[PDB]
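> mmCIF, C-alpha atoms and all ligand atoms, saved as protein-v2.cif, coming up:
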```cif
data_query
loop_
_atom_site.label_atom_id
_atom_site.label_comp_id
_atom_site.auth_asym_id
_atom_site.auth_seq_id
_atom_site.Cartn_x
_atom_site.Cartn_y
_atom_site.Cartn_z
CA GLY A 6 4.44 -39.29 -32.52
CA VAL A 7 1.05 -37.63 -32.93
CA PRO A 8 1.44 -37.30 -36.74
CA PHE A 9 1.96 -41.06 -37.04
CA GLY A 10 -1.66 -41.56 -36.02
CA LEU A 11 -2.83 -38.63 -38.12
CA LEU A 12 -1.04 -40.27 -41.05
CA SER A 13 -2.94 -43.46 -40.16
CA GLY A 14 -6.20 -41.57 -40.62
CA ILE A 15 -5.60 -40.12 -44.08
CA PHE A 16 -4.03 -43.26 -45.54
CA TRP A 17 -6.77 -45.63 -44.40
CA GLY A 18 -9.26 -42.92 -45.32
CA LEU A 19 -7.99 -42.77 -48.89
CA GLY A 20 -7.65 -46.55 -49.06
CA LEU A 21 -11.13 -47.32 -47.76
CA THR A 22 -12.45 -45.09 -50.55
CA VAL A 23 -10.45 -46.85 -53.29
CA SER A 24 -12.01 -50.05 -51.94
CA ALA A 25 -15.37 -48.38 -52.57
CA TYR A 26 -13.91 -47.49 -55.97
CA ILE A 27 -13.27 -51.21 -56.51
CA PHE A 28 -16.85 -52.24 -55.67
CA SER A 29 -18.34 -49.31 -57.62
CA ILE A 30 -17.13 -50.78 -60.92
CA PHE A 31 -18.94 -54.14 -60.52
CA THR A 32 -21.34 -53.59 -57.56
CA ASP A 33 -20.24 -56.42 -55.24
CA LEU A 34 -20.00 -59.13 -57.89
CA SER A 35 -17.62 -61.00 -55.54
CA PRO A 36 -18.41 -60.40 -51.85
CA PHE A 37 -16.01 -62.64 -49.91
CA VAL A 38 -13.06 -63.34 -52.23
CA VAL A 39 -12.06 -59.65 -52.14
CA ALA A 40 -11.08 -59.98 -48.47
CA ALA A 41 -9.29 -63.32 -48.88
CA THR A 42 -7.13 -62.01 -51.73
CA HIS A 43 -6.82 -58.73 -49.80
CA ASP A 44 -4.63 -60.29 -47.11
CA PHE A 45 -3.13 -62.55 -49.78
CA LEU A 46 -1.84 -59.53 -51.69
CA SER A 47 -1.19 -57.70 -48.40
CA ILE A 48 1.43 -60.17 -47.16
CA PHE A 49 3.57 -59.63 -50.25
CA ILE A 50 3.56 -55.82 -50.28
CA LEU A 51 4.03 -55.94 -46.50
CA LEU A 52 7.06 -58.19 -46.98
CA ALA A 53 8.10 -55.67 -49.65
CA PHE A 54 8.93 -53.38 -46.72
CA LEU A 55 11.58 -55.88 -45.58
CA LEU A 56 13.95 -54.86 -48.40
CA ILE A 70 5.09 -66.30 -26.16
CA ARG A 71 2.82 -63.26 -26.29
CA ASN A 72 1.68 -64.34 -29.76
CA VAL A 73 -1.62 -65.49 -28.22
CA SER A 74 -2.67 -61.96 -27.25
CA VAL A 75 -2.21 -60.89 -30.88
CA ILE A 76 -4.08 -63.78 -32.51
CA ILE A 77 -7.02 -63.60 -30.08
CA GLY A 78 -7.55 -59.95 -31.02
CA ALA A 79 -6.75 -60.52 -34.69
CA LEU A 80 -9.51 -63.09 -35.12
CA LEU A 81 -11.72 -60.63 -33.22
CA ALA A 82 -11.18 -57.94 -35.89
CA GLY A 83 -10.27 -59.74 -39.13
CA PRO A 84 -12.82 -62.53 -39.60
CA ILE A 85 -15.55 -60.27 -38.16
CA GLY A 86 -14.19 -56.70 -38.38
CA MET A 87 -12.36 -55.94 -41.62
CA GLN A 88 -14.14 -58.25 -44.06
CA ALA A 89 -17.49 -57.14 -42.61
CA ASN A 90 -16.34 -53.64 -43.53
CA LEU A 91 -15.55 -55.23 -46.91
CA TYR A 92 -18.44 -57.51 -47.90
CA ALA A 93 -21.12 -56.75 -45.29
CA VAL A 94 -20.78 -53.09 -46.32
CA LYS A 95 -21.81 -53.50 -49.95
CA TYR A 96 -23.09 -50.11 -51.15
CA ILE A 97 -24.59 -48.34 -48.12
CA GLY A 98 -22.10 -45.51 -48.59
CA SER A 99 -18.60 -44.52 -49.66
CA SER A 100 -18.09 -43.34 -46.07
CA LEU A 101 -21.48 -43.98 -44.41
CA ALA A 102 -20.01 -47.13 -42.86
CA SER A 103 -16.88 -45.23 -41.80
CA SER A 104 -18.98 -42.82 -39.72
CA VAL A 105 -20.67 -45.35 -37.42
CA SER A 106 -17.62 -47.61 -37.39
CA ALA A 107 -15.85 -44.54 -35.95
CA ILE A 108 -17.59 -45.03 -32.61
CA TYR A 109 -15.03 -47.82 -32.15
CA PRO A 110 -12.82 -45.56 -29.95
CA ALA A 111 -15.75 -45.32 -27.52
CA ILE A 112 -15.85 -49.12 -27.41
CA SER A 113 -12.04 -49.13 -27.22
CA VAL A 114 -11.84 -46.55 -24.44
CA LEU A 115 -14.63 -48.42 -22.63
CA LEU A 116 -12.45 -51.54 -22.65
CA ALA A 117 -9.10 -49.78 -22.21
CA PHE A 118 -10.16 -47.91 -19.06
CA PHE A 119 -11.18 -51.16 -17.32
CA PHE A 120 -8.08 -53.18 -18.28
CA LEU A 121 -5.30 -51.36 -16.39
CA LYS A 122 -5.14 -48.27 -18.62
CA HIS A 123 -6.41 -45.02 -17.05
CA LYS A 124 -4.84 -41.95 -18.72
CA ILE A 125 -7.61 -39.56 -19.80
CA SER A 126 -8.39 -35.93 -19.04
CA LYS A 127 -11.22 -33.39 -19.07
CA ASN A 128 -10.70 -32.75 -22.81
CA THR A 129 -9.20 -36.02 -24.07
CA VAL A 130 -12.18 -38.36 -24.02
CA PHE A 131 -14.45 -35.29 -24.21
CA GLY A 132 -13.16 -34.74 -27.73
CA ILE A 133 -13.97 -38.35 -28.55
CA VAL A 134 -17.44 -37.71 -27.12
CA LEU A 135 -18.04 -34.77 -29.47
CA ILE A 136 -16.56 -36.77 -32.36
CA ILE A 137 -19.18 -39.47 -31.78
CA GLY A 138 -22.05 -37.02 -31.28
CA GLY A 139 -21.28 -35.28 -34.55
CA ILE A 140 -21.55 -38.64 -36.28
CA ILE A 141 -24.48 -40.30 -34.49
CA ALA A 142 -26.62 -37.27 -35.37
CA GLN A 143 -25.96 -37.99 -39.06
CA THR A 144 -25.95 -41.78 -38.59
CA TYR A 145 -29.65 -42.07 -39.43
CA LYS A 146 -29.42 -39.63 -42.38
CA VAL A 147 -28.98 -42.66 -44.62
CA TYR A 154 -30.12 -52.57 -42.12
CA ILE A 155 -27.30 -54.98 -42.95
CA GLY A 156 -24.98 -52.04 -43.55
CA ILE A 157 -25.54 -50.38 -40.18
CA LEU A 158 -25.42 -53.79 -38.49
CA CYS A 159 -21.85 -54.66 -39.49
CA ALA A 160 -20.88 -51.00 -39.25
CA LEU A 161 -21.83 -51.32 -35.60
CA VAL A 162 -19.96 -54.66 -35.59
CA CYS A 163 -16.82 -53.11 -37.07
CA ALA A 164 -16.96 -50.61 -34.22
CA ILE A 165 -17.08 -53.36 -31.59
CA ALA A 166 -14.38 -55.42 -33.34
CA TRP A 167 -11.72 -52.76 -33.95
CA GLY A 168 -12.27 -51.26 -30.51
CA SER A 169 -11.38 -54.56 -28.86
CA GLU A 170 -8.45 -55.08 -31.23
CA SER A 171 -6.93 -51.70 -30.36
CA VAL A 172 -6.59 -52.68 -26.71
CA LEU A 173 -5.70 -56.29 -27.51
CA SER A 174 -3.08 -54.98 -29.96
CA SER A 175 -1.80 -52.63 -27.26
CA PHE A 176 -1.98 -55.62 -24.89
CA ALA A 177 1.44 -57.04 -25.76
CA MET A 178 3.43 -54.21 -27.35
CA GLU A 179 6.70 -55.17 -25.64
CA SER A 180 9.63 -57.12 -27.10
CA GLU A 181 7.30 -57.31 -30.13
CA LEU A 182 7.93 -54.60 -32.71
CA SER A 183 5.12 -52.84 -34.56
CA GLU A 184 6.10 -54.60 -37.82
CA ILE A 185 7.74 -57.99 -37.17
CA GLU A 186 5.28 -59.21 -34.53
CA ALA A 187 2.41 -56.72 -34.27
CA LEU A 188 1.28 -56.30 -37.88
CA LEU A 189 2.99 -59.46 -39.17
CA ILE A 190 1.10 -61.87 -36.90
CA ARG A 191 -2.06 -59.78 -37.27
CA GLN A 192 -1.97 -60.24 -41.05
CA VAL A 193 -1.10 -63.95 -41.24
CA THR A 194 -3.69 -64.76 -38.57
CA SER A 195 -6.62 -63.32 -40.52
CA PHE A 196 -5.08 -64.66 -43.74
CA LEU A 197 -4.96 -68.12 -42.17
CA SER A 198 -8.49 -67.57 -40.86
CA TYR A 199 -10.02 -67.14 -44.32
CA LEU A 200 -8.10 -70.24 -45.43
CA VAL A 201 -10.05 -72.09 -42.72
CA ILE A 202 -13.35 -70.26 -43.27
CA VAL A 203 -13.16 -71.12 -46.99
CA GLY A 216 -6.01 -58.20 -64.27
CA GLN A 217 -7.08 -54.62 -63.63
CA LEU A 218 -8.87 -55.79 -60.48
CA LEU A 219 -5.58 -57.18 -59.17
CA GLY A 220 -4.01 -53.79 -59.84
CA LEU A 221 -6.73 -52.02 -57.87
CA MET A 222 -6.46 -54.72 -55.20
CA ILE A 223 -2.69 -54.40 -54.81
CA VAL A 224 -3.20 -50.63 -54.91
CA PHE A 225 -5.76 -50.96 -52.12
CA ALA A 226 -3.33 -53.25 -50.29
CA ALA A 227 -0.54 -50.68 -50.66
CA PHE A 228 -2.60 -48.02 -48.87
CA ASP A 229 -3.97 -50.29 -46.14
CA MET A 230 -0.56 -51.54 -45.02
CA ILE A 231 1.14 -48.19 -44.51
CA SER A 232 -2.00 -47.22 -42.59
CA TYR A 233 -2.25 -50.13 -40.15
CA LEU A 234 1.49 -49.96 -39.44
CA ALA A 235 1.30 -46.20 -38.86
CA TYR A 236 -1.66 -46.85 -36.57
CA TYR A 237 0.55 -49.33 -34.70
CA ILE A 238 3.52 -46.96 -34.58
CA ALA A 239 1.05 -44.50 -33.05
CA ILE A 240 -0.09 -47.32 -30.74
CA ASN A 241 3.45 -47.89 -29.45
CA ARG A 242 4.40 -44.49 -28.07
CA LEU A 243 0.95 -42.88 -27.91
CA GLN A 244 -1.86 -44.28 -25.80
CA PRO A 245 -4.79 -45.91 -27.65
CA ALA A 246 -7.14 -43.37 -26.05
CA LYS A 247 -5.28 -40.71 -28.06
CA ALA A 248 -4.01 -42.94 -30.89
CA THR A 249 -7.50 -44.22 -31.66
CA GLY A 250 -8.78 -40.68 -31.14
CA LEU A 251 -6.45 -39.28 -33.77
CA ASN A 252 -7.31 -42.21 -36.06
CA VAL A 253 -10.96 -41.15 -36.47
CA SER A 254 -9.57 -38.43 -38.67
CA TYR A 255 -9.99 -41.27 -41.19
CA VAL A 256 -13.64 -40.20 -41.30
CA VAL A 257 -12.91 -36.75 -42.73
CA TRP A 258 -10.34 -37.90 -45.31
CA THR A 259 -12.67 -40.71 -46.36
CA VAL A 260 -15.27 -38.08 -47.33
CA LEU A 261 -12.67 -35.86 -49.00
CA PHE A 262 -11.44 -38.72 -51.19
CA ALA A 263 -15.05 -39.89 -51.64
CA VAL A 264 -16.26 -36.47 -52.82
CA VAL A 265 -13.25 -35.48 -54.98
CA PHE A 266 -12.24 -38.83 -56.50
CA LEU A 267 -15.83 -40.13 -56.43
CA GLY A 268 -18.13 -37.09 -56.56
CA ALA A 269 -20.24 -37.57 -53.44
CA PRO A 270 -23.44 -35.50 -53.20
CA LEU A 271 -22.11 -33.80 -50.04
CA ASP A 272 -25.30 -32.42 -48.56
CA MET A 273 -25.11 -29.59 -46.05
CA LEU A 274 -25.00 -32.05 -43.15
CA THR A 275 -21.71 -33.47 -44.48
CA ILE A 276 -19.69 -30.30 -43.87
CA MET A 277 -21.10 -30.04 -40.34
CA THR A 278 -20.22 -33.61 -39.38
CA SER A 279 -16.85 -33.08 -41.07
CA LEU A 280 -16.30 -30.08 -38.79
CA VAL A 281 -17.35 -31.71 -35.50
CA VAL A 282 -15.01 -34.64 -36.15
CA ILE A 283 -12.05 -32.29 -36.77
CA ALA A 284 -13.10 -29.82 -34.09
CA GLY A 285 -12.83 -32.78 -31.71
CA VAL A 286 -9.52 -33.83 -33.26
CA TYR A 287 -7.98 -30.53 -32.15
CA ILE A 288 -9.29 -31.10 -28.62
CA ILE A 289 -7.81 -34.60 -28.38
CA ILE A 290 -4.49 -33.61 -29.97
CA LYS A 291 -4.28 -30.72 -27.49
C1 LIG A 301 -7.24 -49.50 -40.00
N1 LIG A 301 -8.27 -49.55 -38.98
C2 LIG A 301 -9.24 -48.48 -39.20
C3 LIG A 301 -8.95 -50.83 -39.08
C4 LIG A 301 -7.67 -49.45 -37.66
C5 LIG A 301 -7.42 -48.00 -37.25
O1 LIG A 301 -6.26 -47.49 -37.85
#
```
For the file at hand, write its structure as structure tokens.

Amino acid sequence: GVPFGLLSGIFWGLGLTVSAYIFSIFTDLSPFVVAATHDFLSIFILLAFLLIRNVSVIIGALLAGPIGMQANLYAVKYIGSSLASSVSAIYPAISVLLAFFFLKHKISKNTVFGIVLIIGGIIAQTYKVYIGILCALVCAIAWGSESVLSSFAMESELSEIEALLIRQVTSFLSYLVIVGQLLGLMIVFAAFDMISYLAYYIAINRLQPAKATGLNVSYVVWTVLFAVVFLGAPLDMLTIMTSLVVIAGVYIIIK
């Protein structure tokens, strides 16, 4: 069960760097259409896996799709290959802050304490860098509410056919109301995002969000590994330290 969330970290961490690889080749020539086609291509490779409490899903999906994911997409233009991932990784603190007050109290002396060290090893480097940090704070508020609102239903509603299916078509319908090689990189980015968000939901089913979201912020270390090997990040001395505090806290939350 625990690996399912650890798999959610690496796969979104590699995918959120190939999205930076997409923008790095034209420098945000198209801000918004990337996210609209993102869910458009996502529905088809999500349905490729094939071969009412719906309100609680849609009210958290519009709280993290129209304002959470695409803000991580367009509102994070070039501030960093992972510099948005760091401060958007305080979202478990916003999620645990909401989860503890909505009939979910299962934390220990070294379960949220590992989340605390994971945030303090990031906030210290947060200012080692306006619009980018704004939405990166917004992505933290949005995904943290979605994690509890996704865990809200989570009964007679499977992680795929109701959890991630309604979550995808809701944001895809939202952009419909708000409105070659790139399609290969887009469908490649869609292929990595959809195994990730399902694996995050499979970790949300059996494992509590306080630990499932806490193992997810491993997506901050893999998003620097992919961003320094596939992309050649400068990796100053402060990067290895923040990479260590976020994994040193991962081994406190996992145990
Ligand atoms: C994929 N998100 C990072 C948006 C959710 C955590 O898995």
> Atom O1 of ligand LIG 301 (chain A) and CA of residue 233 in chain A are how many Å apart?
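We find that atom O1 of ligand LIG 301 (chain A) and CA of residue 233 in chain A lie 5.3 Å from each other.
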> Show me which residues line ligand LIG 301 (chain A), defined as having an atom within 10 Å of a ligand atom where all atoms listed in the file count, and present them as a PDB file with C-alpha atoms, in the coordinates of the input.

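out34.pdb, written as the output of this step:
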```pdb
ATOM      1  CA  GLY A  10      -1.660 -41.560 -36.020  1.00  0.00           C
ATOM      2  CA  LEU A  11      -2.830 -38.630 -38.120  1.00  0.00           C
ATOM      3  CA  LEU A  12      -1.040 -40.270 -41.050  1.00  0.00           C
ATOM      4  CA  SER A  13      -2.940 -43.460 -40.160  1.00  0.00           C
ATOM      5  CA  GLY A  14      -6.200 -41.570 -40.620  1.00  0.00           C
ATOM      6  CA  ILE A  15      -5.600 -40.120 -44.080  1.00  0.00           C
ATOM      7  CA  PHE A  16      -4.030 -43.260 -45.540  1.00  0.00           C
ATOM      8  CA  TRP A  17      -6.770 -45.630 -44.400  1.00  0.00           C
ATOM      9  CA  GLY A  18      -9.260 -42.920 -45.320  1.00  0.00           C
ATOM     10  CA  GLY A  20      -7.650 -46.550 -49.060  1.00  0.00           C
ATOM     11  CA  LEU A  21     -11.130 -47.320 -47.760  1.00  0.00           C
ATOM     12  CA  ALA A  82     -11.180 -57.940 -35.890  1.00  0.00           C
ATOM     13  CA  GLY A  83     -10.270 -59.740 -39.130  1.00  0.00           C
ATOM     14  CA  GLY A  86     -14.190 -56.700 -38.380  1.00  0.00           C
ATOM     15  CA  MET A  87     -12.360 -55.940 -41.620  1.00  0.00           C
ATOM     16  CA  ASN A  90     -16.340 -53.640 -43.530  1.00  0.00           C
ATOM     17  CA  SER A 103     -16.880 -45.230 -41.800  1.00  0.00           C
ATOM     18  CA  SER A 106     -17.620 -47.610 -37.390  1.00  0.00           C
ATOM     19  CA  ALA A 107     -15.850 -44.540 -35.950  1.00  0.00           C
ATOM     20  CA  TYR A 109     -15.030 -47.820 -32.150  1.00  0.00           C
ATOM     21  CA  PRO A 110     -12.820 -45.560 -29.950  1.00  0.00           C
ATOM     22  CA  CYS A 163     -16.820 -53.110 -37.070  1.00  0.00           C
ATOM     23  CA  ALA A 164     -16.960 -50.610 -34.220  1.00  0.00           C
ATOM     24  CA  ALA A 166     -14.380 -55.420 -33.340  1.00  0.00           C
ATOM     25  CA  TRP A 167     -11.720 -52.760 -33.950  1.00  0.00           C
ATOM     26  CA  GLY A 168     -12.270 -51.260 -30.510  1.00  0.00           C
ATOM     27  CA  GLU A 170      -8.450 -55.080 -31.230  1.00  0.00           C
ATOM     28  CA  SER A 171      -6.930 -51.700 -30.360  1.00  0.00           C
ATOM     29  CA  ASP A 229      -3.970 -50.290 -46.140  1.00  0.00           C
ATOM     30  CA  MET A 230      -0.560 -51.540 -45.020  1.00  0.00           C
ATOM     31  CA  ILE A 231       1.140 -48.190 -44.510  1.00  0.00           C
ATOM     32  CA  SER A 232      -2.000 -47.220 -42.590  1.00  0.00           C
ATOM     33  CA  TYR A 233      -2.250 -50.130 -40.150  1.00  0.00           C
ATOM     34  CA  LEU A 234       1.490 -49.960 -39.440  1.00  0.00           C
ATOM     35  CA  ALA A 235       1.300 -46.200 -38.860  1.00  0.00           C
ATOM     36  CA  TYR A 236      -1.660 -46.850 -36.570  1.00  0.00           C
ATOM     37  CA  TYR A 237       0.550 -49.330 -34.700  1.00  0.00           C
ATOM     38  CA  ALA A 239       1.050 -44.500 -33.050  1.00  0.00           C
ATOM     39  CA  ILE A 240      -0.090 -47.320 -30.740  1.00  0.00           C
ATOM     40  CA  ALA A 248      -4.010 -42.940 -30.890  1.00  0.00           C
ATOM     41  CA  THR A 249      -7.500 -44.220 -31.660  1.00  0.00           C
ATOM     42  CA  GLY A 250      -8.780 -40.680 -31.140  1.00  0.00           C
ATOM     43  CA  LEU A 251      -6.450 -39.280 -33.770  1.00  0.00           C
ATOM     44  CA  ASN A 252      -7.310 -42.210 -36.060  1.00  0.00           C
ATOM     45  CA  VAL A 253     -10.960 -41.150 -36.470  1.00  0.00           C
ATOM     46  CA  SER A 254      -9.570 -38.430 -38.670  1.00  0.00           C
ATOM     47  CA  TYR A 255      -9.990 -41.270 -41.190  1.00  0.00           C
ATOM     48  CA  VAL A 256     -13.640 -40.200 -41.300  1.00  0.00           C
TER      49      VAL A 256
END
```
> Counting only C-alpha atoms, which of A:179, A:165, A:223, A:274 gets nearest to residue 70 in chain A?
A:179
> Choose the residue, out of A:154, A:119, A:75, A:131, that has the smallest atom-to-atom separation from residue 183 in chain A; count only C-alpha atoms.
A:75
> Where does range 107-184 of chain A meet range 93-99 of chain A within 12 Å, residue by residue, with the nearest atom pair and distance in Å to one decimal for each, counting all atoms listed in the file, listed by chain and rising number, as JSON lines?

```
{"residue": "A:144", "atom": "CA", "partner": "A:98", "partner_atom": "CA", "distance": 11.3}
{"residue": "A:145", "atom": "CA", "partner": "A:97", "partner_atom": "CA", "distance": 11.9}
{"residue": "A:146", "atom": "CA", "partner": "A:98", "partner_atom": "CA", "distance": 11.3}
{"residue": "A:147", "atom": "CA", "partner": "A:97", "partner_atom": "CA", "distance": 8.0}
{"residue": "A:154", "atom": "CA", "partner": "A:97", "partner_atom": "CA", "distance": 9.2}
{"residue": "A:155", "atom": "CA", "partner": "A:93", "partner_atom": "CA", "distance": 6.8}
{"residue": "A:156", "atom": "CA", "partner": "A:94", "partner_atom": "CA", "distance": 5.1}
{"residue": "A:157", "atom": "CA", "partner": "A:94", "partner_atom": "CA", "distance": 8.2}
{"residue": "A:158", "atom": "CA", "partner": "A:93", "partner_atom": "CA", "distance": 8.6}
{"residue": "A:159", "atom": "CA", "partner": "A:93", "partner_atom": "CA", "distance": 6.2}
{"residue": "A:160", "atom": "CA", "partner": "A:94", "partner_atom": "CA", "distance": 7.4}
{"residue": "A:161", "atom": "CA", "partner": "A:94", "partner_atom": "CA", "distance": 10.9}
{"residue": "A:162", "atom": "CA", "partner": "A:93", "partner_atom": "CA", "distance": 10.0}
{"residue": "A:163", "atom": "CA", "partner": "A:93", "partner_atom": "CA", "distance": 10.0}
```
> Hey, what's within 7 Å of range 283-288 of chain A if we count all atoms listed in the file and toss same-chain stuff fewer than 6 positions away? As number ranges by chain, please?
A: 128-129, 132-133, 135-136, 251, 254
> Hey, can you check how far CA of residue 265 in chain A sits from CA of residue 221 in chain A?
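Between these atoms lies a distance of 18.0 Å.
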> Using only C-alpha atoms, which of the listed residues (A:182, A:7, A:52, A:105) sits closest to residue 243 in chain A?
A:7
> Please report the interatomic distance between CA of residue 137 in chain A and CA of residue 264 in chain A in Å with one decimal.
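A separation of 21.5 Å between them.
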> Nearest residue to residue 185 in chain A out of A:173, A:289, A:27, A:51, using all atoms listed in the file?
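For residue 185 in chain A, the nearest of the candidates is A:51.
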> Which one of A:244, A:22, A:113, A:47 sits closest to residue 189 in chain A if you count all atoms listed in the file?
A:47
> Check the smallest atom-to-atom distance from each of A:104, A:32, A:74, A:24 to residue 282 in chain A using only C-alpha atoms, then report the winner.
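Under the stated criterion, the closest residue is A:104.
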> Could you tell me, as a list in words, which residues have any atom at most 7 Å from (-8.3, -62.5, -46.9), counting all atoms listed in the file?
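Protein and nucleic acid residues near the point are residues 40, 41, 42, 43, 44, 45, 195, 196 and 199 of chain A.
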> So that all listed atoms of range 84-94 of chain A fit with 6 Å spare on each side, what axis-aligned box centre and edge lengths in Å, to one decimal, would you give as lines of an AutoDock Vina configuration file?

```
center_x = -16.7
center_y = -57.8
center_z = -43.0
size_x = 20.8
size_y = 21.4
size_z = 21.7
```
